[PDB]
Amino acid sequence: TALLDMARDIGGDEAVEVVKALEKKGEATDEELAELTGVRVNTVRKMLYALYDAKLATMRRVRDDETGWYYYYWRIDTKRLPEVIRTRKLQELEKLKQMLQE
């Protein structure tokens, strides 16, 4: 599960912890992950949005009926996880191709 090697490049130990706990749980809210990990709830959100732009996490949106506002259930995005992996392999090869051109 080379997923952790990427998350680490975005936001270090905290990001690796968030993915591992999300991986352990399957799905989690922003607040649920903050309690599990001890990271400020504000920081988990930047992670998740960072992970979302890195295409390693997606979500489905549920509407909280008490407040009328939405909250997200995060998940690791395995639909694009293999594509993200595949791009990383391709980027490394392209780095090698430039060397053969040295």
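The structure under discussion appears in the preceding block.
Looking now at the overall build of the protein chain. Across its full length, the protein chain carries four helices and two strands. Listing the helices and strands of the protein chain from first to last along the sequence gives α-α-α-β-β-α. Here the C-alpha coordinates of the protein chain stretch approximately 60 × 25 × 20 Å along the principal axes. Every one of the 102 residues in the protein chain was classed for burial, and the buried ones make up 27%. Long-range pairs, those at least 24 residues apart, make up 43% of the contacts in the protein chain between residues at least 6 apart in sequence. Counting only carbon and sulfur atoms, one obtains 48% of the accessible surface of the protein chain, whose full area is about 7700 Å². For the protein chain, the distance from the average site of its 19 positive side-chain charges to the average site of its 20 negative ones is 4 Å.

The backbone phi angle of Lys-55 is positive, close to 55°, even though this residue is not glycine. As for its placement among the helices and strands, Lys-55 is situated in the loop between α3 (41-53) and β1 (57-63).

Ranked by size, the top nonpolar core spans 22 residues in total, and within it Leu-22, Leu-33, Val-44, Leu-48, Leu-51 and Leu-56 carry the most contacts. Only α1 (4-25), α2 (30-37), α3, β2 (70-76) and α4 (81-100) provide two or more residues apiece to this core. Filtering out sequence-adjacent residues up to four positions away, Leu-33 remains in contact with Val-18, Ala-21, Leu-22, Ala-28, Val-44 and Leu-48.

Definitions and limits used
- Residues numbered from 1 in each chain as written, not as in the entry; some residues may be left out.
- Heavy atoms only, no water.
- Helix = DSSP H or I, 4+ residues; strand = E, 2+ residues; numbered from the N terminus.
- Buried < 20%, exposed > 50% of the residue type's maximum accessible area, 1.4 Å probe, protein only.
- Contact = heavy atoms within 4.5 Å.
- Areas by Shrake-Rupley, 256 points an atom, 1.4 Å probe, with all protein chains shown as cover.
- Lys, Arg positive; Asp, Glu negative; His and termini not counted.
- Charge placed at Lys NZ, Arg CZ, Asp CG, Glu CD.
- Core = buried A, V, L, I, M, F, W, Y, C linked by side-chain atoms within 4.5 Å.

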